[PDB]
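Participant:
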Amino acid sequence: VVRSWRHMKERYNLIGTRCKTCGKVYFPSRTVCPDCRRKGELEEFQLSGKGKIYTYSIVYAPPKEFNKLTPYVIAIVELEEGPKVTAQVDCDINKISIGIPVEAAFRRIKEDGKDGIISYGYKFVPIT
Amino acid sequence: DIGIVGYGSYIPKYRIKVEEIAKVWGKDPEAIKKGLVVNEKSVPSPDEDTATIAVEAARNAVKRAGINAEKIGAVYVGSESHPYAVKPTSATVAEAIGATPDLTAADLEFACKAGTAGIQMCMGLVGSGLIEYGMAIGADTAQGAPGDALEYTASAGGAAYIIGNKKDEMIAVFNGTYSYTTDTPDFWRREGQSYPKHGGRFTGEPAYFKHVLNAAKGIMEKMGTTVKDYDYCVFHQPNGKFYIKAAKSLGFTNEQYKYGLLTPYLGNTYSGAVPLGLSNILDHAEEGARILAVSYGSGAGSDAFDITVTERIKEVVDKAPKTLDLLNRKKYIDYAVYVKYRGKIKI
Amino acid sequence: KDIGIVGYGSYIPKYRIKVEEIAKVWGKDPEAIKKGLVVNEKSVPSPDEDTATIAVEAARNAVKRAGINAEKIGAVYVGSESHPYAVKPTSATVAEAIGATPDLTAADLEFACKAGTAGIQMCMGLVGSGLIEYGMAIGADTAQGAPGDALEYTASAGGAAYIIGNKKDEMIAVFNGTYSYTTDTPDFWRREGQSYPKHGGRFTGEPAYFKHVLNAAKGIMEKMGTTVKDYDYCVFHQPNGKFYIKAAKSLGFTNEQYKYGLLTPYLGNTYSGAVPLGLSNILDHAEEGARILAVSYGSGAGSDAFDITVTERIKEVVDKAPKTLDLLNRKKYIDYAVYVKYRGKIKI
Amino acid sequence: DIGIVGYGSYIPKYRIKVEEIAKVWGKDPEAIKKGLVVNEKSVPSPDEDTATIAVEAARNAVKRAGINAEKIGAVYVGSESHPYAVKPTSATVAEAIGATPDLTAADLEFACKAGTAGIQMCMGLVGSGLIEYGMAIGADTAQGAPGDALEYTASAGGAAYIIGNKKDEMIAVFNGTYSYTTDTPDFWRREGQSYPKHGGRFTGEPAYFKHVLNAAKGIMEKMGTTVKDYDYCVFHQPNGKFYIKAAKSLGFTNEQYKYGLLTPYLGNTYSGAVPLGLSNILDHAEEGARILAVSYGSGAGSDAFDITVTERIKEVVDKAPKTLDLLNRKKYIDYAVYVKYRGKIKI
Amino acid sequence: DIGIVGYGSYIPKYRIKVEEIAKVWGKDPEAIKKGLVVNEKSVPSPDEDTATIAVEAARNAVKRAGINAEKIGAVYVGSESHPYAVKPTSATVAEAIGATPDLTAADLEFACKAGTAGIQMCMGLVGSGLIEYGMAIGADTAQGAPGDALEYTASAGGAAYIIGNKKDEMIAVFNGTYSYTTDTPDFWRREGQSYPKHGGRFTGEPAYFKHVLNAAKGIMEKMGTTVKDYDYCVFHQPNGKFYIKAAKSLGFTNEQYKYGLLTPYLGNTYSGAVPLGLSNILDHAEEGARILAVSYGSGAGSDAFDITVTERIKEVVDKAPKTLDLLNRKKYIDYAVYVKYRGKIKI
Amino acid sequence: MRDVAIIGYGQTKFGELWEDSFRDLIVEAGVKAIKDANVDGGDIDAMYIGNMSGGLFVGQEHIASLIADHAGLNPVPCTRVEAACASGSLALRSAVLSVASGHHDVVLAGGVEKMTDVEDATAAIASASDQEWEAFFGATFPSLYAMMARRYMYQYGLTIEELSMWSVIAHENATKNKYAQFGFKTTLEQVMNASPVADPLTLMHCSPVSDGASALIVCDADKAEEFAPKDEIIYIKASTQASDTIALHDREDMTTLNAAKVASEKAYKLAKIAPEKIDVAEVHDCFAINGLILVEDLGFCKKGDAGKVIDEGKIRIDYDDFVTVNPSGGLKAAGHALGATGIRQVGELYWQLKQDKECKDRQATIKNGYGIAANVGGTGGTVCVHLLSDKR
Ligand SMILES: [Cl-]
Ligand SMILES: [Cl-]
Ligand SMILES: [Cl-]
Ligand SMILES: [K+]
Ligand SMILES: [K+]
Ligand SMILES: [K+]
Ligand SMILES: [K+]
Ligand SMILES: [K+]
Ligand SMILES: [Mg+2]
Ligand code: NA
Ligand code: NA
Ligand SMILES: [Zn+2]
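Chains as they are written, first to last, in the authors' numbering: chain E, 2 to 129; chain L, 3 to 349; chain J, 2 to 349; chain I, 3 to 349; chain K, 3 to 349; chain D, 1 to 392.
1) Exposed or buried, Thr255 (chain K), counting other C-beta atoms within 10 Å across all chains shown (16 or more means buried)?
2) Opposite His238 (chain L) in the DSSP bridges: which residues?
3) Near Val118 (chain D), which residues of its chain fall below 6 Å by C-beta distance, leaving aside the five closest residues on each side in sequence?
4) Which residue or residues does DSSP assign as beta-bridge partners of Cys114 (chain J)?
5) Could you compute how far the alpha carbon of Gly50 (chain E) sits from the alpha carbon of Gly10 (chain J)?
6) Over the uninterrupted beta strand (DSSP E) stretch that includes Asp211 (chain D), give me the two end residues.
7) Excluding five sequence neighbours on each side, which residues of the same chain lie with their C-beta closer than 7 Å to the C-beta of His200 (chain I)?
8) Using a Cβ cut-off of 8 Å (strictly closer), state whether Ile128 (chain E) contacts chain J.
9) Name the residue from J:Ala119, J:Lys230, J:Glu22 whose alpha carbon lies nearest to the alpha carbon of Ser181 (chain J).
10) Can you name the residues that DSSP bridges to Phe189 (chain J)?
11) For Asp305 (chain J), which residues does DSSP report across the bridge?
12) Please output, in chain order, the residues near ligand 7 using a CB cut-off of less than 7 Å to any non-hydrogen atom of the ligand.
13) Would you mind telling me which residues of chain E sit closer than 7 Å to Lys65 (chain J), beta carbon to beta carbon, in chain order?
14) Going along the region 136–155 of chain K in order, which residues come within less than 8 Å of chain J, judged by CB to CB distance?
15) So is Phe184 (chain D) buried or exposed if we call it buried at 16+ other beta carbons inside 10 Å?
16) Kindly identify the DSSP beta-bridge partner or partners of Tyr232 (chain J).
17) Terminal residues of the continuous alpha helix (DSSP H) containing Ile63 (chain D)?
18) Spatial neighbours of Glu50 (chain I) within its chain, please: C-beta separation below 8 Å, excluding the five flanking residues on both sides.
19) Here's a check: name, in chain order, each residue in its chain whose Cβ is nearer than 7 Å to the Cβ of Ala59 (chain L), leaving out the five neighbours to either side.
20) Which residue wins for smallest C-alpha separation from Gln122 (chain K), given the options K:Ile55, K:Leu284, K:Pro277?
21) By alpha-carbon positions, which one of L:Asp320, L:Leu328, L:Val341, L:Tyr337 ends up nearest to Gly68 (chain L)?
22) Please list the residues of the region 331–344 of chain K that have a C-beta atom closer than 8 Å to any C-beta atom in chain J, keeping them in chain order.
23) Which residue marks the beginning of the beta strand (DSSP E) containing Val318 (chain I), and which one marks its end?
24) Taking just the CA atoms, how far does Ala87 (chain J) sit from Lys230 (chain L)?
25) Taking 8 Å as the CB-CB cut-off, is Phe189 (chain L) touching chain E?
26) Quick check on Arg7 (chain E) - is its C-beta less than 8 Å from some C-beta in chain J?
27) Are the CB atoms of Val64 (chain L) and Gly117 (chain L) nearer to each other than 8 Å?
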């Protein structure tokens, strides 16, 4: 419940952090820059949801929650700014390939059963 | 120049004490009474629901305004317990007060802030010249889950406000309003479920206090005011403890916050909580009194108001029942009869 | 103190289902339904899509057309029948998803299929009164029709957002006036426990839809001192094609006037997004100076009428976001089995 | 040839008086007590169910039989409130008494006759030589619909009977059995619904009395007996009235029917009703006493039995708790705690 | 001295192939067909349920028995899907065949072993001389949870058996019966829930095979037999793979087990599974053929039977429809029509 | 800093053990390890345990106390060590360092898992991934390694046939292991045509959910001679550990496990040998791809060539002059009881280097007398390497 609330601005809007010291953009946002650690100074940074497929897989037997989606595409997207994320791709099984340009979309990712909260976040859609 | 031309309240007659609920579930009533700062709560008759309570409050507001309901160009009902899932309460109220047909209406949802959201909507329509009068109501027949702590506070009530443009008929004037809103999963309910769920201690500092206090600070900055400029204050009051903590945090004394606090003997009426507390302030206030009103809704969000009372207040207070008269005209019931009335017994 | 639309946006999901695929299952003649209702197909949301996501798509597109900073929006109102939660506001989720938080007010609106336009009127008031600089009104739904029933042929998903403003340089359209007709009418309802709504059949027609839609239309025209001839385009609520055309022809509008606003035959009835979406298609086509009549309807009962004039700025923004017709035509057909799987219509 | 080698009973400790239910629903308790011939009913603890009641009764029957449960070749549980929709109570009971694994089992359903149906099954399996001992249980945690008249009688209890072939071990002997069954929609429940529905006044003459009286006359014809041939009797007892009407119709006096009637202070335990009444008779009966026992189930159907007591009865009565002792070891509760225990409060 | 005097079966006409279910849920149909050894399953008409299926099977069994249904002294229906929660199927079946009123009845529950439990009960009552003929039915309209693997096998069907005492009338003779029972939570359903829950791979070795193989080993030890003494065999068949694994483990060949296996084209009919498989064996068997029949039910338990066929079999096989003829008269449907028929669409 | 040796090893069967409870397993493995080492229960000074099932499966934390209590070894200190699938190796390394410190002379390092008692096991094995940035979005644990396979195929041209040969070998080797979960031979076609889990992986590429327990007795190299003949003692030349990003998407290069490179290099340095002298290797091959990658990261072949060394079968036991990989059948065929895998890996090296009869049918050639084990937690966030030798 609380953990969704902390990363909403990241999941909804793709707002990460840029370390001024080395310039490397980080998404998901990081509290500490791994390369500069203590000397790093982080600022809020708005990413464009644009990126390309770096790798992918097709999940054929997922947990029961995803029964409507099965089989679905899961991928690691390399975003234009640098960071990579793990997310599903809204495209046909037979049109996913490495290097395909994609763009983030606000979607319903998960629901904590029928009584718990609904969690929203990013899913990627191809460009054409 | 926007103000309140009339206001009204309603509370049902049945009450149930903490002792009667704790007795059944095996809890120490004194610990609860002290922990929550609550003694008893209101209970609606089985022939009463959010609609009937809204009509009572709306009709009472019309009496104080002393106007022709045909003059009302919008009716907005904010609630959590609309009798239908899909059929507007607001229409039923408009018909029941004679406001139909020349008006717009909508049912409002935003946890316990729905009621004050409607006030702001009316302020806009009146200020813009789109309507001459608008009605904003906040009412609920809250239901607490039987075993849970919310059963000690979940009560029924409502209050209506008629907003207008004419100085001569204004009993109070809006100086300004401000709202603080984020996405916070502290309290929710899914369409299937009977009773809500919540994040326990997450409902406190990160949700209620964050929004209530940011909203309070915000309007005082917008208006350039300090706590000393206000004679009275009223905050959302899910229990007595939260209300007082917020009030003392901002620097208000007992004399300033006392009138707005009704939960200890009324319970938490959700979207009617602050509207009712504000109405008790108005039943007591004198010309020139300046009020700070801040509601809270889980979700989350708060609506702040900065209001000044005029000389016309004395003309209308006795035109309808006073909020404290309603609260003290009461009949006590035990837990068995309570769950019968509220429909808590599965049939 | 003019009030107008500074930006608008729409969204429709990609899946569709034809009348033929529903009638096959329930044993009905599809041609009779297609002709009777004037509907061919409807939209279907992806199981990872709901009212909130559809509202966010529309909101984000409207921000593109407005070309403003969402931080400036002082109110977000979402009108729907299918808010993903029973008690937790969609509008808050949309405000966070567009960056409007935290300096704003918000509320979720309920009034059957008029909820969306109620929010427009609320924004008109707050902007005109000077209480906020910009307000957003959204109408969106992922309607669900009862499986055996006729509403399953039309119950679709979609939404549209409108940003209201005060600055003439930024207005793409101007409100000339608004009027609303409201009574207590038990034509259509749903009780808290039930999955699908109930209705009064033939009572939904003349005494409810036409009473309110037509009284709302002639009311605003009397308020404005206008006739049917004064308007270039019109849009009415469209639970099916037949009702729309009956109302349009009753008032004297021709096909050229009512053509753009009618989307139900290929979109379905999106409830609180129905008129907002039709209006957006009119705007994707309209020219400077065009005058629009928009009238919504909601069961309970109530209608919101609008009289709008298009400005020269419309051209600058139409291509700033996807056009409602483009969204409506990029589509994937599905059969009934997958439809009920997606929509959660299978008992699990 | 076939007889009862041991029997046992169980009733939980909580009770609720008619006065406490009527108080809540606004009815005259004296009218109800007189109309139904009922004063109070039993209430299971929230940690008790048909399985636990069945186990208590089964274990008590083993004490009286004085045998090794490993020898039991069949366990049958007749109920309306099996704790699972699909998972056999009978298996849990066999495991709980050490009868597993060399046995057959089944859960029985036929309204309030399920319990006695199992007795007939065991009689068959023992008489045919397919098993050495069989156990038949009838137990229920009935739930009456809040506000309905069945809430005054719907109680919890059960009794177990072990059937055997060895004259030295028989405490009673079956002389014969007979059953009357038709398709009668007097009482039913659909899979989704929480509480049953019924035909009101149709539950009487065309259903209960038709089947109870046809079953009684039938076995007396089969046995060539008259009412005078019997020392004791027990009929189904949904209320006291039906029992006494039936007993008096057939010509039984108070001395003959008194022991079998437990409902006025126990309530209607459904499939445990006649099994429990029969057990109270056996706790009092002397060698040579002849018993007429007739159950009833909605559906509908009745199972009649003609039983003769042997000299071994007095060796085993005190080997387990007596039904009257269980019935009088009681703690009273009010309606609020009752609905809490029974799970009648929505959440 | 105890045998089967008549038997009958029924299967509805609609079928659905694995492909139509897999298509919808996004699964490889070939993997499922090979994994479960299932091609298609049966589907009842929306005007068909366990009661109608039981009546069809019972009526067919009466034809083969060639007796007057008035002589039937017991009717037992074993199922998991009795159309009512509280109203006995068995009574409706008795009325529909003319066995009423001079009979006893009961509805049986024990997962997929309920049906064979009734056979043992009829064996006892007939062998003991308490009745002249008894009827045992096993029937179900199983429903698998949408999206789950049980949806590929959960089918509808039933079979009835009439037990009697007269050699001249017996088509088969019971040589012995044995049962293995424990408390095992492999498969269950709670009263509220629409579909069952299970322990996944706990359903295999520790439950099905444990009980099926212990029961099969048990009766062969009781009877002094080996796998070589039996001409035919039939085991519970939740899928084709479990059946064959069990059959091969005990040493039976394809020729021995082939007839009893119907699931690949019928599906798992739960309490009708083994009764139907046994009936196909009887439609093919010749005088003197010896059959091993072992059922399984979750909770858990298995019923084993050792049966020898008599000369009368050829006289009756054609007196009613053969199980293969029913199985092959079929009409295919797609998933949309299937969930419509089965009531799987929320409405 | 004392030298550490291994004096005993014990193991249960790995598989679906319905009869055996969690207690029955740890005891059987512990008693076997005690018996093999020729020590009494009283001789154990401390225990180090790896276990995942308890907290995800049963709600039981504080497993250490439970295991010491029911083993009957109270009051000896017992400690649980966790790093997802690497908990076994970390429990060993913890034990090694405690003997090296001088605080304990004889220490048991064991791991146990009871995954069959849980209704759905995936959620537990998914615990090793980032819940908020991988699992949350629907990346199942097999799909993560599947995306590793995809990237590796993209960069180096590995073909599914080459990948599938890893599983054929594993299953052949596992028929020689009584404790293996799967004891059947397979073929390339059966592997490729098996049901798919996450493209390109199939059910015959993925390791199963397994119950099992394994235990080692580690001891001071000098005190070891008190219990064992000097020739049956195996010495731990190095026990190293490294870390990497928990999420696969944060990896600099997804085709390699830096923590394995880091850890293996440090072990090779401490032992003062090169990869060419390793006779036997036990690598973490829960998804086959991971087996190829580790063969490269440990330095047995060049990056991208693993597919070609498997195709020729150089990792097979019969193939001479090249290291022998997973003689037991590996995680895919021998089984993957998460907590015990790290222990089992080393027990095989122990058997292999001491020419124990336990591995008689799968005995690898030992030219130099060295073995190495690589245990991986999750997708690579944690790697622990252990290097053994028959020489001190
Ligand atoms: Cl924040
Ligand atoms: Cl059952
Ligand atoms: Cl020892
Ligand atoms: K609502
Ligand atoms: K006899
Ligand atoms: K039942
Ligand atoms: K008869
Ligand atoms: K040794
Ligand atoms: Mg020794
Ligand atoms: Na329909
Ligand atoms: Na392993
Ligand atoms: Zn940096």
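A virtual CB, placed ideally from N, CA and C, is assigned to each residue, including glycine.
Facilitator: The answer reads as follows:
1) In the fifth sequence, the residue the question calls residue 255 (chain K) occupies position 253. Its Cβ having fewer than 16 others within 10 Å, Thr255 (chain K) is exposed.
2) Along the second sequence, one-based indexing puts residue 238 (chain L) at 236. None; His238 (chain L) has no bridge partner.
3) As a first step, residue 118 (chain D) must be located in the sixth sequence, where it is residue number 118. Counting only Cβ-Cβ distances below 6 Å, and skipping sequence neighbours, we find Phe57.
4) Reading the third sequence from its first residue, position 113 is the one you call residue 114 (chain J). According to DSSP, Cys114 (chain J) bridges with J:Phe112.
5) Along the first sequence, one-based indexing puts residue 50 (chain E) at 49. Along the third sequence, one-based indexing puts residue 10 (chain J) at 9. Rounded to the nearest angstrom, the two C-alpha atoms are 19 Å apart.
6) The count along the sixth sequence starts at 1 and reaches residue 211 (chain D) at position 211. Start and end: 211–220.
7) The sequence position of residue 200 (chain I) within the fourth sequence is 198, counting from 1. Same-chain partners within the cutoff: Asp188, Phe189.
8) Here residue 128 (chain E) is taken as the residue at index 127 of the first sequence, counted from 1. Not closer than 8 Å to any Cβ of chain J, the Cβ of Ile128 (chain E) fails to qualify, so no.
9) As a working note, residue 181 (chain J) is residue 180 in the third sequence. It is J:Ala119 whose Cα lies nearest to the Cα of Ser181 (chain J).
10) Here residue 189 (chain J) is taken as the residue at index 188 of the third sequence, counted from 1. Its beta-bridge partners are J:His200.
11) Taking the third sequence and counting its residues from 1, the one referred to as residue 305 (chain J) is at position 304. Per DSSP, J:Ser181.
12) K:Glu72, K:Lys73, K:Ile74, K:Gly75, K:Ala101, K:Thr102, K:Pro103, K:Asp104, K:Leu105
13) By 1-based counting over the third sequence, the position of residue 65 (chain J) is 64. Residues of chain E passing the Cβ test: none, with the nearest at roughly 13 Å.
14) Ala147, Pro148, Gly149
15) Counted from its first residue, the sixth sequence places residue 184 (chain D) at position 184. So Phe184 (chain D) counts as exposed.
16) Here residue 232 (chain J) refers to the residue found at position 231 of the third sequence. BP columns for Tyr232 (chain J) are empty, so no partner.
17) What you label residue 63 (chain D) is simply residue 63 of the sixth sequence in a count that begins at 1. That run of the alpha helix (DSSP H) goes 63–71.
18) Locating residue 50 (chain I) in the fourth sequence gives position 48, where the first residue counts as 1. These residues qualify, in order along the chain: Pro14, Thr143, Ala158.
19) Position 57 of the second sequence, counting from 1, holds the residue named residue 59 (chain L). The residues are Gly10, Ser11, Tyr12, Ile139, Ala141, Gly160, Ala161, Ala162.
20) Mapped onto the fifth sequence, residue 122 (chain K) falls at position 120. It is K:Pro277 whose Cα lies nearest to the Cα of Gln122 (chain K).
21) For this step, residue 68 (chain L) is matched to residue 66 along the second sequence. Minimum Cα distance to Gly68 (chain L) is reached at L:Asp320.
22) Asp336, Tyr337, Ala338, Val339, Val341, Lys342
23) Here residue 318 (chain I) refers to the residue found at position 316 when the fourth sequence is read from its first residue. From DSSP, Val318 (chain I) is part of no beta strand (DSSP E) but of the alpha helix (DSSP H) over 315–318.
24) For the purposes of this step, residue 230 (chain L) is identified with residue 228 of the second sequence, where counting begins at 1. For the purposes of this step, residue 87 (chain J) is identified with residue 86 of the third sequence, where counting begins at 1. Spanning the two alpha carbons is a distance of roughly 40 Å.
25) Residue 189 (chain L) sits at position 187 when you count from the first residue of the second sequence. No, no contact with chain E.
26) Position 6 of the first sequence, counted from the start, is the residue given in the question as residue 7 (chain E). Not one chain J Cβ lies under 8 Å of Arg7 (chain E).
27) Indexing the second sequence from 1 puts residue 64 (chain L) at position 62. Indexing the second sequence from 1 puts residue 117 (chain L) at position 115. Taking 8 Å as the Cβ cut-off, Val64 (chain L) and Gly117 (chain L) do not qualify as a contacting pair.
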